[PDB]
$ cat upload-v5.cif   # mmCIF, N, CA and C atoms
data_my_file
#
loop_
_atom_site.group_PDB
_atom_site.id
_atom_site.type_symbol
_atom_site.label_atom_id
_atom_site.label_comp_id
_atom_site.auth_asym_id
_atom_site.auth_seq_id
_atom_site.Cartn_x
_atom_site.Cartn_y
_atom_site.Cartn_z
ATOM 1 N N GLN A 283 0.828 -1.198 0.000
ATOM 2 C CA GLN A 283 0.000 0.000 0.000
ATOM 3 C C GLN A 283 0.861 1.246 0.000
ATOM 4 N N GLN A 284 1.954 1.229 0.751
ATOM 5 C CA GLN A 284 2.828 2.389 0.782
ATOM 6 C C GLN A 284 3.486 2.618 -0.567
ATOM 7 N N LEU A 285 3.904 1.549 -1.238
ATOM 8 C CA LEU A 285 4.470 1.703 -2.573
ATOM 9 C C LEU A 285 3.415 2.144 -3.579
ATOM 10 N N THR A 286 2.219 1.558 -3.513
ATOM 11 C CA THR A 286 1.165 1.928 -4.450
ATOM 12 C C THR A 286 0.820 3.398 -4.324
ATOM 13 N N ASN A 287 0.753 3.906 -3.102
ATOM 14 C CA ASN A 287 0.410 5.300 -2.890
ATOM 15 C C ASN A 287 1.571 6.219 -3.194
ATOM 16 N N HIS A 288 2.741 5.675 -3.497
ATOM 17 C CA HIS A 288 3.875 6.521 -3.816
ATOM 18 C C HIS A 288 3.960 6.901 -5.282
ATOM 19 N N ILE A 289 3.338 6.134 -6.180
ATOM 20 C CA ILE A 289 3.396 6.431 -7.605
ATOM 21 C C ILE A 289 2.195 7.225 -8.090
ATOM 22 N N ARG A 290 1.225 7.502 -7.232
ATOM 23 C CA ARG A 290 0.118 8.336 -7.652
ATOM 24 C C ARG A 290 0.580 9.762 -7.893
ATOM 25 N N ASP A 291 -0.086 10.410 -8.832
ATOM 26 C CA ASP A 291 0.217 11.747 -9.326
ATOM 27 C C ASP A 291 1.534 11.703 -10.099
ATOM 28 N N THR A 292 2.032 10.495 -10.377
ATOM 29 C CA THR A 292 3.117 10.248 -11.315
ATOM 30 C C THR A 292 2.615 9.498 -12.528
ATOM 31 N N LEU A 293 1.579 8.687 -12.352
ATOM 32 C CA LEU A 293 1.043 7.903 -13.453
ATOM 33 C C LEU A 293 0.727 8.754 -14.671
ATOM 34 N N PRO A 294 0.219 9.977 -14.546
ATOM 35 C CA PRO A 294 -0.075 10.745 -15.757
ATOM 36 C C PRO A 294 1.084 10.782 -16.722
ATOM 37 N N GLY A 295 2.324 10.773 -16.242
ATOM 38 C CA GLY A 295 3.435 10.786 -17.173
ATOM 39 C C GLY A 295 3.551 9.474 -17.921
ATOM 40 N N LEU A 296 3.378 8.357 -17.218
ATOM 41 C CA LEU A 296 3.410 7.064 -17.885
ATOM 42 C C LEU A 296 2.264 6.921 -18.866
ATOM 43 N N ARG A 297 1.089 7.427 -18.512
ATOM 44 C CA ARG A 297 -0.040 7.312 -19.422
ATOM 45 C C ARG A 297 0.219 8.074 -20.709
ATOM 46 N N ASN A 298 0.804 9.266 -20.628
ATOM 47 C CA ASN A 298 1.044 10.011 -21.860
ATOM 48 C C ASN A 298 2.057 9.310 -22.755
ATOM 49 N N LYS A 299 3.102 8.707 -22.189
ATOM 50 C CA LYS A 299 4.044 8.006 -23.054
ATOM 51 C C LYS A 299 3.412 6.777 -23.679
ATOM 52 N N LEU A 300 2.641 6.015 -22.913
ATOM 53 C CA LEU A 300 2.038 4.823 -23.489
ATOM 54 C C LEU A 300 1.005 5.199 -24.535
ATOM 55 N N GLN A 301 0.251 6.263 -24.297
ATOM 56 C CA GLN A 301 -0.725 6.694 -25.286
ATOM 57 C C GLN A 301 -0.054 7.187 -26.558
ATOM 58 N N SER A 302 1.072 7.886 -26.435
ATOM 59 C CA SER A 302 1.772 8.363 -27.623
ATOM 60 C C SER A 302 2.260 7.217 -28.504
ATOM 61 N N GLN A 303 2.829 6.167 -27.917
ATOM 62 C CA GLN A 303 3.278 5.049 -28.740
ATOM 63 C C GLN A 303 2.112 4.367 -29.430
ATOM 64 N N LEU A 304 1.002 4.207 -28.729
ATOM 65 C CA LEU A 304 -0.147 3.554 -29.328
ATOM 66 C C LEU A 304 -0.665 4.350 -30.515
ATOM 67 N N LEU A 305 -0.636 5.681 -30.433
ATOM 68 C CA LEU A 305 -1.082 6.492 -31.565
ATOM 69 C C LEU A 305 -0.209 6.316 -32.800
ATOM 70 N N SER A 306 1.084 6.037 -32.642
ATOM 71 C CA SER A 306 1.935 5.892 -33.818
ATOM 72 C C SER A 306 1.933 4.482 -34.384
ATOM 73 N N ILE A 307 1.362 3.526 -33.669
ATOM 74 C CA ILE A 307 1.231 2.159 -34.139
ATOM 75 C C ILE A 307 -0.173 1.880 -34.649
ATOM 76 N N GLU A 308 -1.184 2.393 -33.950
ATOM 77 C CA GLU A 308 -2.561 2.046 -34.274
ATOM 78 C C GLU A 308 -2.889 2.334 -35.728
ATOM 79 N N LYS A 309 -2.296 3.375 -36.308
ATOM 80 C CA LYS A 309 -2.613 3.702 -37.692
ATOM 81 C C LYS A 309 -2.136 2.630 -38.660
ATOM 82 N N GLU A 310 -1.178 1.805 -38.247
ATOM 83 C CA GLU A 310 -0.582 0.780 -39.090
ATOM 84 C C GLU A 310 -1.110 -0.613 -38.812
ATOM 85 N N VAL A 311 -1.315 -0.962 -37.544
ATOM 86 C CA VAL A 311 -1.695 -2.325 -37.196
ATOM 87 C C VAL A 311 -3.092 -2.680 -37.657
ATOM 88 N N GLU A 312 -3.845 -1.722 -38.187
ATOM 89 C CA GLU A 312 -5.164 -2.063 -38.694
ATOM 90 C C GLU A 312 -5.055 -3.031 -39.859
ATOM 91 N N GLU A 313 -4.011 -2.897 -40.670
ATOM 92 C CA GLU A 313 -3.826 -3.829 -41.771
ATOM 93 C C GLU A 313 -3.410 -5.198 -41.265
ATOM 94 N N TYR A 314 -2.659 -5.237 -40.171
ATOM 95 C CA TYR A 314 -2.161 -6.499 -39.649
ATOM 96 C C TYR A 314 -3.245 -7.293 -38.936
ATOM 97 N N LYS A 315 -4.133 -6.620 -38.209
ATOM 98 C CA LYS A 315 -5.153 -7.345 -37.461
ATOM 99 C C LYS A 315 -6.016 -8.189 -38.382
ATOM 100 N N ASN A 316 -6.286 -7.698 -39.583
ATOM 101 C CA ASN A 316 -7.095 -8.425 -40.547
ATOM 102 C C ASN A 316 -6.245 -9.118 -41.604
ATOM 103 N N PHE A 317 -4.952 -9.283 -41.342
ATOM 104 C CA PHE A 317 -4.063 -9.888 -42.322
ATOM 105 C C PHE A 317 -4.517 -11.299 -42.646
ATOM 106 N N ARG A 318 -4.501 -11.630 -43.929
ATOM 107 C CA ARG A 318 -4.837 -12.962 -44.383
ATOM 108 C C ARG A 318 -3.806 -13.398 -45.413
ATOM 109 N N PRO A 319 -3.421 -14.672 -45.425
ATOM 110 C CA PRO A 319 -2.459 -15.125 -46.437
ATOM 111 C C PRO A 319 -3.014 -15.087 -47.845
ATOM 112 N N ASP A 320 -4.329 -14.966 -48.002
ATOM 113 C CA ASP A 320 -4.983 -14.928 -49.309
ATOM 114 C C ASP A 320 -5.938 -13.741 -49.338
ATOM 115 N N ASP A 321 -5.512 -12.655 -49.977
ATOM 116 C CA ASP A 321 -6.298 -11.422 -50.004
ATOM 117 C C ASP A 321 -5.969 -10.657 -51.268
ATOM 118 N N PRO A 322 -6.674 -10.934 -52.363
ATOM 119 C CA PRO A 322 -6.337 -10.249 -53.609
ATOM 120 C C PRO A 322 -6.659 -8.776 -53.554
ATOM 121 N N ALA A 323 -7.586 -8.364 -52.692
ATOM 122 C CA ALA A 323 -7.895 -6.948 -52.585
ATOM 123 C C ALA A 323 -6.782 -6.203 -51.870
ATOM 124 N N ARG A 324 -6.242 -6.793 -50.810
ATOM 125 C CA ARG A 324 -5.114 -6.176 -50.126
ATOM 126 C C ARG A 324 -3.906 -6.067 -51.041
ATOM 127 N N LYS A 325 -3.623 -7.130 -51.792
ATOM 128 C CA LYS A 325 -2.494 -7.118 -52.710
ATOM 129 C C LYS A 325 -2.663 -6.075 -53.803
ATOM 130 N N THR A 326 -3.868 -5.959 -54.352
ATOM 131 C CA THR A 326 -4.089 -5.019 -55.439
ATOM 132 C C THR A 326 -3.882 -3.582 -54.993
ATOM 133 N N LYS A 327 -4.437 -3.207 -53.848
ATOM 134 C CA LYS A 327 -4.313 -1.822 -53.410
ATOM 135 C C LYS A 327 -2.878 -1.508 -53.019
ATOM 136 N N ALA A 328 -2.169 -2.483 -52.458
ATOM 137 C CA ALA A 328 -0.763 -2.274 -52.144
ATOM 138 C C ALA A 328 0.039 -2.043 -53.415
ATOM 139 N N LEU A 329 -0.269 -2.797 -54.468
ATOM 140 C CA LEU A 329 0.395 -2.593 -55.749
ATOM 141 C C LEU A 329 0.176 -1.180 -56.265
ATOM 142 N N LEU A 330 -1.062 -0.704 -56.215
ATOM 143 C CA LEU A 330 -1.365 0.603 -56.771
ATOM 144 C C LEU A 330 -0.667 1.705 -55.997
ATOM 145 N N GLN A 331 -0.636 1.596 -54.676
ATOM 146 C CA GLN A 331 0.006 2.631 -53.881
ATOM 147 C C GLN A 331 1.508 2.660 -54.118
ATOM 148 N N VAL B 673 -1.005 43.384 -30.888
ATOM 149 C CA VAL B 673 -1.931 42.268 -30.998
ATOM 150 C C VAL B 673 -2.326 42.083 -32.449
ATOM 151 N N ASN B 674 -2.573 43.182 -33.159
ATOM 152 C CA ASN B 674 -3.039 43.045 -34.530
ATOM 153 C C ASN B 674 -2.005 42.333 -35.382
ATOM 154 N N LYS B 675 -0.719 42.635 -35.196
ATOM 155 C CA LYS B 675 0.265 41.941 -36.012
ATOM 156 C C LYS B 675 0.177 40.450 -35.775
ATOM 157 N N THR B 676 0.088 40.038 -34.518
ATOM 158 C CA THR B 676 0.076 38.613 -34.253
ATOM 159 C C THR B 676 -1.124 37.950 -34.898
ATOM 160 N N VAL B 677 -2.303 38.556 -34.813
ATOM 161 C CA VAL B 677 -3.462 37.873 -35.367
ATOM 162 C C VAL B 677 -3.286 37.718 -36.866
ATOM 163 N N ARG B 678 -2.875 38.791 -37.541
ATOM 164 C CA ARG B 678 -2.713 38.714 -38.986
ATOM 165 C C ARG B 678 -1.687 37.657 -39.348
ATOM 166 N N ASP B 679 -0.664 37.506 -38.514
ATOM 167 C CA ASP B 679 0.389 36.544 -38.798
ATOM 168 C C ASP B 679 -0.058 35.108 -38.558
ATOM 169 N N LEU B 680 -0.738 34.834 -37.449
ATOM 170 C CA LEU B 680 -1.029 33.448 -37.090
ATOM 171 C C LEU B 680 -2.229 32.871 -37.822
ATOM 172 N N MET B 681 -3.166 33.704 -38.265
ATOM 173 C CA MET B 681 -4.332 33.164 -38.962
ATOM 174 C C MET B 681 -3.984 32.523 -40.295
ATOM 175 N N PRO B 682 -3.268 33.167 -41.201
ATOM 176 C CA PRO B 682 -2.863 32.442 -42.405
ATOM 177 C C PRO B 682 -2.160 31.146 -42.063
ATOM 178 N N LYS B 683 -1.193 31.206 -41.152
ATOM 179 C CA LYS B 683 -0.409 30.030 -40.817
ATOM 180 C C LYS B 683 -1.282 28.942 -40.230
ATOM 181 N N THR B 684 -2.271 29.310 -39.423
ATOM 182 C CA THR B 684 -3.136 28.285 -38.852
ATOM 183 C C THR B 684 -3.884 27.532 -39.928
ATOM 184 N N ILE B 685 -4.435 28.247 -40.901
ATOM 185 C CA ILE B 685 -5.285 27.597 -41.885
ATOM 186 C C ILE B 685 -4.462 26.683 -42.785
ATOM 187 N N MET B 686 -3.294 27.153 -43.227
ATOM 188 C CA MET B 686 -2.425 26.324 -44.052
ATOM 189 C C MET B 686 -2.094 25.011 -43.366
ATOM 190 N N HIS B 687 -1.939 25.023 -42.047
ATOM 191 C CA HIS B 687 -1.583 23.792 -41.354
ATOM 192 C C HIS B 687 -2.752 22.838 -41.214
ATOM 193 N N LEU B 688 -3.933 23.350 -40.916
ATOM 194 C CA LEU B 688 -5.038 22.498 -40.510
ATOM 195 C C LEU B 688 -6.033 22.226 -41.621
ATOM 196 N N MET B 689 -6.210 23.149 -42.566
ATOM 197 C CA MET B 689 -7.242 22.983 -43.577
ATOM 198 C C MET B 689 -6.716 22.665 -44.963
ATOM 199 N N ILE B 690 -5.541 23.157 -45.346
ATOM 200 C CA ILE B 690 -5.043 22.978 -46.703
ATOM 201 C C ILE B 690 -4.016 21.864 -46.769
ATOM 202 N N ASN B 691 -3.109 21.802 -45.809
ATOM 203 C CA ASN B 691 -2.074 20.790 -45.870
ATOM 204 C C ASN B 691 -2.617 19.444 -45.447
ATOM 205 N N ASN B 692 -3.549 19.404 -44.506
ATOM 206 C CA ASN B 692 -4.180 18.130 -44.218
ATOM 207 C C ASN B 692 -4.959 17.632 -45.418
ATOM 208 N N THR B 693 -5.506 18.542 -46.225
ATOM 209 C CA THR B 693 -6.214 18.120 -47.429
ATOM 210 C C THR B 693 -5.271 17.591 -48.503
ATOM 211 N N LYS B 694 -4.153 18.274 -48.757
ATOM 212 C CA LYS B 694 -3.211 17.735 -49.730
ATOM 213 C C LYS B 694 -2.727 16.365 -49.315
ATOM 214 N N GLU B 695 -2.387 16.200 -48.051
ATOM 215 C CA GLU B 695 -1.898 14.909 -47.619
ATOM 216 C C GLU B 695 -2.972 13.853 -47.808
ATOM 217 N N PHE B 696 -4.232 14.225 -47.621
ATOM 218 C CA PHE B 696 -5.317 13.292 -47.883
ATOM 219 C C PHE B 696 -5.350 12.880 -49.345
ATOM 220 N N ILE B 697 -5.258 13.846 -50.259
ATOM 221 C CA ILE B 697 -5.369 13.522 -51.681
ATOM 222 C C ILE B 697 -4.258 12.578 -52.104
ATOM 223 N N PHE B 698 -3.030 12.867 -51.691
ATOM 224 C CA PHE B 698 -1.910 12.053 -52.132
ATOM 225 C C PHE B 698 -1.891 10.699 -51.442
ATOM 226 N N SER B 699 -2.130 10.662 -50.140
ATOM 227 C CA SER B 699 -1.856 9.445 -49.393
ATOM 228 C C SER B 699 -3.039 8.497 -49.257
ATOM 229 N N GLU B 700 -4.267 8.993 -49.212
ATOM 230 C CA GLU B 700 -5.401 8.155 -48.859
ATOM 231 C C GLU B 700 -6.484 8.080 -49.915
ATOM 232 N N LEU B 701 -6.597 9.071 -50.795
ATOM 233 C CA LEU B 701 -7.734 9.094 -51.703
ATOM 234 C C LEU B 701 -7.815 7.808 -52.506
ATOM 235 N N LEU B 702 -6.676 7.291 -52.948
ATOM 236 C CA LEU B 702 -6.696 6.061 -53.728
ATOM 237 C C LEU B 702 -7.263 4.898 -52.927
ATOM 238 N N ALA B 703 -6.846 4.750 -51.673
ATOM 239 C CA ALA B 703 -7.350 3.647 -50.863
ATOM 240 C C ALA B 703 -8.837 3.792 -50.574
ATOM 241 N N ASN B 704 -9.304 5.015 -50.327
ATOM 242 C CA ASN B 704 -10.722 5.205 -50.043
ATOM 243 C C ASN B 704 -11.587 4.812 -51.225
ATOM 244 N N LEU B 705 -11.166 5.172 -52.437
ATOM 245 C CA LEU B 705 -11.955 4.843 -53.613
ATOM 246 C C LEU B 705 -11.935 3.354 -53.900
ATOM 247 N N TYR B 706 -10.769 2.728 -53.809
ATOM 248 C CA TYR B 706 -10.699 1.311 -54.121
ATOM 249 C C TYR B 706 -11.533 0.510 -53.138
ATOM 250 N N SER B 707 -11.575 0.950 -51.882
ATOM 251 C CA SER B 707 -12.255 0.195 -50.843
ATOM 252 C C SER B 707 -13.764 0.173 -51.015
ATOM 253 N N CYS B 708 -14.314 0.988 -51.908
ATOM 254 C CA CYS B 708 -15.750 0.976 -52.132
ATOM 255 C C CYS B 708 -16.133 -0.320 -52.830
ATOM 256 N N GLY B 709 -17.304 -0.829 -52.507
ATOM 257 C CA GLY B 709 -17.752 -2.052 -53.132
ATOM 258 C C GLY B 709 -18.232 -1.841 -54.553
ATOM 259 N N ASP B 710 -18.371 -2.953 -55.264
ATOM 260 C CA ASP B 710 -18.807 -2.946 -56.654
ATOM 261 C C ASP B 710 -17.952 -2.022 -57.517
ATOM 262 N N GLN B 711 -16.653 -2.314 -57.564
ATOM 263 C CA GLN B 711 -15.780 -1.514 -58.413
ATOM 264 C C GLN B 711 -16.187 -1.606 -59.875
ATOM 265 N N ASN B 712 -16.935 -2.641 -60.258
ATOM 266 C CA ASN B 712 -17.426 -2.712 -61.629
ATOM 267 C C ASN B 712 -18.345 -1.540 -61.931
ATOM 268 N N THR B 713 -19.352 -1.327 -61.088
ATOM 269 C CA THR B 713 -20.235 -0.189 -61.289
ATOM 270 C C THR B 713 -19.482 1.118 -61.116
ATOM 271 N N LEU B 714 -18.548 1.161 -60.173
ATOM 272 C CA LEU B 714 -17.789 2.380 -59.948
ATOM 273 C C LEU B 714 -17.036 2.842 -61.186
ATOM 274 N N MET B 715 -16.595 1.918 -62.037
ATOM 275 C CA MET B 715 -15.759 2.248 -63.187
ATOM 276 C C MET B 715 -16.431 1.892 -64.507
ATOM 277 N N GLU B 716 -17.755 1.933 -64.558
ATOM 278 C CA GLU B 716 -18.444 1.797 -65.832
ATOM 279 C C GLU B 716 -18.132 2.982 -66.732
ATOM 280 N N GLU B 717 -17.768 2.691 -67.977
ATOM 281 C CA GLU B 717 -17.486 3.723 -68.964
ATOM 282 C C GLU B 717 -18.776 4.321 -69.508
ATOM 283 N N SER B 718 -18.713 5.600 -69.863
ATOM 284 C CA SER B 718 -19.851 6.250 -70.493
ATOM 285 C C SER B 718 -20.155 5.605 -71.838
ATOM 286 N N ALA B 719 -21.440 5.581 -72.198
ATOM 287 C CA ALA B 719 -21.815 4.994 -73.481
ATOM 288 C C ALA B 719 -21.123 5.701 -74.636
ATOM 289 N N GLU B 720 -20.927 7.018 -74.524
ATOM 290 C CA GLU B 720 -20.211 7.753 -75.561
ATOM 291 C C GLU B 720 -18.823 7.180 -75.775
#

$ encode --input "upload-v5.cif" --output "structure tokens"
Amino acid sequence: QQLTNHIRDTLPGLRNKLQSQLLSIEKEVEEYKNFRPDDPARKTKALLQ
Amino acid sequence: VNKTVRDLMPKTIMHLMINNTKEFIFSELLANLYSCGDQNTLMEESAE
């Protein structure tokens, strides 16, 4: 309890760093979450880009 | 104060309204259009 109450009002700093990393990954992992070994639509749009 | 407002307003709009739009056209417009269903109907040629 003494240790737990020692990191309060410090967590906001950890939350901002963790949130920042998630923002720079989330825009990309959307393609990975639905990744399929057979996806002609994914392949076609990747080719065009 | 007047100098600052005149200075920051052009700069604000270029950052938020025009440059975000250019980046949209170059980077995403192609993906948004392709992702629409029935690309056959989407790309039907005019009878002419």

$ interface_residues --input "upload-v5.cif" --of "chain A" --to "chain B" --cutoff "8 Å" --atoms "all atoms listed in the file" --output "list in words"
residues 327, 330 and 331 of chain A

$ write_last_selection --input "upload-v5.cif" --atoms "N, CA and C atoms" --output "tab-separated table (two decimals), keeping the file's coordinate frame"
chain	number	residue	atom	x	y	z
A	327	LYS	N	-4.44	-3.21	-53.85
A	327	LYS	CA	-4.31	-1.82	-53.41
A	327	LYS	C	-2.88	-1.51	-53.02
A	330	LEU	N	-1.06	-0.70	-56.22
A	330	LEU	CA	-1.36	0.60	-56.77
A	330	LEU	C	-0.67	1.70	-56.00
A	331	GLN	N	-0.64	1.60	-54.68
A	331	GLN	CA	0.01	2.63	-53.88
A	331	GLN	C	1.51	2.66	-54.12

$ select_by_dssp --input "upload-v5.cif" --residues "chain A" --states "alpha helix (DSSP H)" --output "number ranges by chain"
A: 293-315, 322-330

$ atom_distance --input "upload-v5.cif" --atom1 "atom CA of residue A:290" --atom2 "atom N of residue A:302"
18.8 Å

$ atom_distance --input "upload-v5.cif" --atom1 "atom CA of residue B:697" --atom2 "atom CA of residue A:317"
25.2 Å

$ atom_distance --input "upload-v5.cif" --atom1 "atom CA of residue A:328" --atom2 "atom CA of residue A:313"
10.9 Å

$ decode --input "upload-v5.cif" --residues "chain B" --atoms "C-alpha atoms" --output "PDB file, in the first residue's frame"
ATOM      1  CA  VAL B 673      -1.931  42.268 -30.998  1.00  0.00           C
ATOM      2  CA  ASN B 674      -3.039  43.045 -34.530  1.00  0.00           C
ATOM      3  CA  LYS B 675       0.265  41.941 -36.012  1.00  0.00           C
ATOM      4  CA  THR B 676       0.076  38.613 -34.253  1.00  0.00           C
ATOM      5  CA  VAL B 677      -3.462  37.873 -35.367  1.00  0.00           C
ATOM      6  CA  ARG B 678      -2.713  38.714 -38.986  1.00  0.00           C
ATOM      7  CA  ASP B 679       0.389  36.544 -38.798  1.00  0.00           C
ATOM      8  CA  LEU B 680      -1.029  33.448 -37.090  1.00  0.00           C
ATOM      9  CA  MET B 681      -4.332  33.164 -38.962  1.00  0.00           C
ATOM     10  CA  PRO B 682      -2.863  32.442 -42.405  1.00  0.00           C
ATOM     11  CA  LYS B 683      -0.409  30.030 -40.817  1.00  0.00           C
ATOM     12  CA  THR B 684      -3.136  28.285 -38.852  1.00  0.00           C
ATOM     13  CA  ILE B 685      -5.285  27.597 -41.885  1.00  0.00           C
ATOM     14  CA  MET B 686      -2.425  26.324 -44.052  1.00  0.00           C
ATOM     15  CA  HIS B 687      -1.583  23.792 -41.354  1.00  0.00           C
ATOM     16  CA  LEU B 688      -5.038  22.498 -40.510  1.00  0.00           C
ATOM     17  CA  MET B 689      -7.242  22.983 -43.577  1.00  0.00           C
ATOM     18  CA  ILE B 690      -5.043  22.978 -46.703  1.00  0.00           C
ATOM     19  CA  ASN B 691      -2.074  20.790 -45.870  1.00  0.00           C
ATOM     20  CA  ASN B 692      -4.180  18.130 -44.218  1.00  0.00           C
ATOM     21  CA  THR B 693      -6.214  18.120 -47.429  1.00  0.00           C
ATOM     22  CA  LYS B 694      -3.211  17.735 -49.730  1.00  0.00           C
ATOM     23  CA  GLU B 695      -1.898  14.909 -47.619  1.00  0.00           C
ATOM     24  CA  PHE B 696      -5.317  13.292 -47.883  1.00  0.00           C
ATOM     25  CA  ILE B 697      -5.369  13.522 -51.681  1.00  0.00           C
ATOM     26  CA  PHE B 698      -1.910  12.053 -52.132  1.00  0.00           C
ATOM     27  CA  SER B 699      -1.856   9.445 -49.393  1.00  0.00           C
ATOM     28  CA  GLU B 700      -5.401   8.155 -48.859  1.00  0.00           C
ATOM     29  CA  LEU B 701      -7.734   9.094 -51.703  1.00  0.00           C
ATOM     30  CA  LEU B 702      -6.696   6.061 -53.728  1.00  0.00           C
ATOM     31  CA  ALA B 703      -7.350   3.647 -50.863  1.00  0.00           C
ATOM     32  CA  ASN B 704     -10.722   5.205 -50.043  1.00  0.00           C
ATOM     33  CA  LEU B 705     -11.955   4.843 -53.613  1.00  0.00           C
ATOM     34  CA  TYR B 706     -10.699   1.311 -54.121  1.00  0.00           C
ATOM     35  CA  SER B 707     -12.255   0.195 -50.843  1.00  0.00           C
ATOM     36  CA  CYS B 708     -15.750   0.976 -52.132  1.00  0.00           C
ATOM     37  CA  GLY B 709     -17.752  -2.052 -53.132  1.00  0.00           C
ATOM     38  CA  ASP B 710     -18.807  -2.946 -56.654  1.00  0.00           C
ATOM     39  CA  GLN B 711     -15.780  -1.514 -58.413  1.00  0.00           C
ATOM     40  CA  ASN B 712     -17.426  -2.712 -61.629  1.00  0.00           C
ATOM     41  CA  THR B 713     -20.235  -0.189 -61.289  1.00  0.00           C
ATOM     42  CA  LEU B 714     -17.789   2.380 -59.948  1.00  0.00           C
ATOM     43  CA  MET B 715     -15.759   2.248 -63.187  1.00  0.00           C
ATOM     44  CA  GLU B 716     -18.444   1.797 -65.832  1.00  0.00           C
ATOM     45  CA  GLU B 717     -17.486   3.723 -68.964  1.00  0.00           C
ATOM     46  CA  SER B 718     -19.851   6.250 -70.493  1.00  0.00           C
ATOM     47  CA  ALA B 719     -21.815   4.994 -73.481  1.00  0.00           C
ATOM     48  CA  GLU B 720     -20.211   7.753 -75.561  1.00  0.00           C
TER      49      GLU B 720
END
